[PDB]
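Trainee: Below you'll find the structure I mean.
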Ligand SMILES: *[C@@H](CC(=O)OCC)[C@H](C[C@@H]1CCNC1=O)NC(=O)OC(C)(C)C
Ligand SMILES: *[C@@H](CC(=O)OCC)[C@H](C[C@@H]1CCNC1=O)NC(=O)OC(C)(C)C
């Protein structure tokens, strides 16, 4: 019994449509003015958020300690509204999951929910020719237009959709420690 | 709070993918080997059901007593499996509804759910140049590929999706009396 109600609460308060030179993506807002988007979106210095041109104050394309793409880009946005803080719904650790929902919020699909079933910690993925780590996999035929879609179970936001091979879909994990209010160094 | 669980139970036991010369449509099975599909599908003497070629034993393109298109075609299929009988979930009368779900089951979207919000008894619609009666309307930007999609609230199957103008979506009603085990006359 997929957590449709939870998915819908997340979509309603915590997603916007983002558009870059690469097209539209569902965008999950995490806290304050911080959101995520797949790294293949190629975030620049500005982005459209619900068709409003918006200054990108920071964009961090995450990579692990092997210097490998994680496919998550964290963005800080110059806008007035704060996102509801949903960090407490992010998992602490890598995990497998049951009965997940993928939800999309784009111009073409402003509110759509797809039960993808079981989600497994998959690991390595050649993503459009880019070596990528920390991938989650579900046996569902996801399509173009669903990148950035949010993967939830009840009470957890576990990843965002980034790829698919026609039979399976792939999400980059979200972990709680990606967003903890932290320390000082030169990142660009 | 949309009835996602109800929608999912209907999709799981009572839909198949149907494909005609016009493309793929979600197809709702109602009872025995009787199903529905939008009249614009142009059902012939055979149809594909989950990619299996299937004899169409009867196809009745419903019209009202003004001789106007209702956009429902009832089909009787030569296949082994019986549909779970869901006639008791069909409304008796025309009505307006709250918080409906539209669900799609095609090759491209084998399982997708879209909350469309309020559903109003709309009446007349010029559907792709065909005058049509008994239409339901929802303020949601439905797209090509969603025709045949099932419109539910908890406990009722109220219509199938047939059209849209980019801002609103339109479904043809289903009424309980369309499927009551009835009497004798020449219909073709
Ligand atoms: C989401 C982004 C997209 O559609 O970009 C257009 C090129 C894509 C989702 C998968 C496409 C096929 N099925 C999917 O679930 N991801 C994507 O295209 O990844 C790259 C690496 C850009 C090819
Ligand atoms: C469903 C059938 C379809 O896609 O046929 C391809 C021509 C269509 C749904 C609407 C299209 C735009 N938005 C919709 O919600 N219905 C449709 O195209 O109706 C006709 C009468 C065939 C034009």
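Chains as they are written, first to last, in the entry's author numbering: chain A, 1 to 188; chain A', 1 to 188. A prime marks a further copy of an entry chain.
Ideal Cβ positions, reconstructed from N, Cα and C, are used throughout, including at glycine.
Using a Cβ-Cβ cut-off of less than 7 angstroms, give me the residues of the region 99–118 of chain A' that come near chain A, in sequence order.
Mentor: Flagged, chain order: 108, 110, 111, 112, 113, 114, 115.
Trainee: Quick one: what does DSSP say residue 114 of chain A is sitting in, helix, strand or coil?
Mentor: strand
Trainee: Rounded to the nearest angstrom, how far is the Cβ of residue 141 of chain A from that of residue 167 of chain A, given a contact under 8 angstroms?
Mentor: Approximately 6 angstroms separates the beta-carbon atoms of residue 141 of chain A and residue 167 of chain A; this is inside 8 angstroms, confirming the contact.
Trainee: Please confirm whether residue 51 of chain A' has its beta-carbon closer than 8 angstroms to some beta-carbon of chain A.
Mentor: no
Trainee: Of the choices A/128, A/21, A/74, whose alpha-carbon is the least far from that of residue 187 of chain A?
Mentor: A/74
Trainee: Leaving out five residues on either side along the sequence, give the residues of the same chain with a beta carbon under 8 angstroms from the beta carbon of residue 55 of chain A'.
Mentor: 45, 46, 77, 78
Trainee: Helix, strand or coil: which one does DSSP assign to residue 178 of chain A'?
Mentor: helix
Trainee: Contact between the region 76–95 of chain A and the region 29–40 of chain A': three or more CB pairs below 8 angstroms?
Mentor: no
Trainee: Tell me where the alpha helix (DSSP H) around residue 5 of chain A' begins and ends.
Mentor: 4–14
Trainee: Identify the continuous beta strand (DSSP E) that holds residue 24 of chain A and give its terminal residues.
Mentor: 23–31
Trainee: Could you please give me the residues that DSSP links to residue 144 of chain A' through a beta bridge?
Mentor: According to DSSP, residue 144 of chain A' bridges with nothing at all.
Trainee: Kindly give me the distance between the Cβ atoms of residue 17 of chain A and residue 106 of chain A, rounded to whole angstroms, as I take these residues to be in contact under 8 angstroms.
Mentor: 6 angstroms
Trainee: Find the residues of chain A that neighbour residue 143 of chain A', judging by a C-beta separation of less than 9 angstroms, and give them in chain order.
Mentor: 108, 109
Trainee: Measuring CB to CB, does residue 138 of chain A end up less than 8 angstroms from residue 169 of chain A?
Mentor: Pairing residue 138 of chain A with residue 169 of chain A gives a Cβ-Cβ distance under 8 angstroms.
Trainee: Select from the region 2–31 of chain A' all residues with a C-beta closer than 8 angstroms to any C-beta belonging to chain A, and list them in chain order.
Mentor: 2, 4, 5, 8
Trainee: Have a look at A'/96, A'/95, A'/114, A'/135 and flag the residue whose alpha-carbon is nearest the alpha-carbon of residue 103 of chain A'.
Mentor: A'/114
Trainee: List the whole-angstrom C-beta distance separating residue 147 of chain A from residue 161 of chain A, where the pair is believed to meet the contact cut-off of C-beta under 8 angstroms.
Mentor: About 6 angstroms separates the two Cβ atoms, so the contact holds.
Trainee: Whose CA, out of A/12, A/125, A/9, A/40, lies closest to the CA of residue 21 of chain A?
Mentor: Restricting attention to A/12, A/125, A/9, A/40, the CA atom closest to the CA of residue 21 of chain A is found in A/40.
Trainee: Residue 15 of chain A: buried (16+ other C-beta within 10 angstroms of its C-beta) or exposed?
Mentor: buried
Trainee: If I'm right that residue 25 of chain A' touches residue 37 of chain A' with Cβ under 8 angstroms, what's the distance once you round it to whole angstroms?
Mentor: Confirmed, Cβ separation roughly 5 angstroms.
Trainee: Judging by CA-CA distance, which residue of A/51, A/42, A/48, A/110 is the nearest neighbour of residue 60 of chain A?
Mentor: A/42
Trainee: If you draw a straight line from the alpha carbon of residue 125 of chain A to that of residue 62 of chain A, how long is it in whole angstroms?
Mentor: Between the C-alpha atoms of residue 125 of chain A and residue 62 of chain A there is a straight-line separation of about 15 angstroms.
Trainee: Report the partner residues of residue 53 of chain A' according to the DSSP bridge assignment.
Mentor: A'/48
Trainee: So for residue 35 of chain A, helix, strand or coil by DSSP?
Mentor: Of the three classes helix, strand and coil, the one that applies to residue 35 of chain A here is strand, per DSSP.
Trainee: What residue range is occupied by the uninterrupted beta strand (DSSP E) comprising residue 171 of chain A'?
Mentor: 169–173
Trainee: Answer yes or no: the CB of residue 143 of chain A' versus the heavy atoms of ligand 2, is any distance below 7 angstroms?
Mentor: The beta carbon of residue 143 of chain A' sits closer than 7 angstroms to at least one heavy atom of ligand 2.
Trainee: Have a look at A'/69, A'/93, A'/164, A'/96 and flag the residue whose alpha-carbon is nearest the alpha-carbon of residue 145 of chain A'.
Mentor: A'/164
Trainee: Determine the extent of the beta strand (DSSP E) in which residue 97 of chain A is found, giving its start and end residues.
Mentor: Per DSSP, the unbroken beta strand (DSSP E) holding residue 97 of chain A starts and ends at 97–104.
Trainee: Rounded to whole angstroms, what is the Cα-Cα separation between residue 130 of chain A and residue 66 of chain A?
Mentor: 14 angstroms
Trainee: Exposed or buried, which one is residue 97 of chain A when buried takes at least 16 other CB atoms within 10 Å?
Mentor: buried
Trainee: What are the boundary residues of the beta strand (DSSP E) that includes residue 77 of chain A?
Mentor: 69–77
Trainee: Going by C-alpha distance, which of A/23, A/101, A/183 is nearest residue 213 of chain A?
Mentor: The requested residue 213 of chain A does not occur in the structure, where chain A is confined to residues 1 to 188.
Trainee: Which residue marks the beginning of the beta strand (DSSP E) containing residue 163 of chain A', and which one marks its end?
Mentor: 156–164
Trainee: What is the C-beta distance between residue 95 of chain A' and residue 117 of chain A', in whole angstroms, given that I count them as a contact (C-beta under 8 angstroms)?
Mentor: About 16 angstroms separates the two Cβ atoms, so there is no contact after all.
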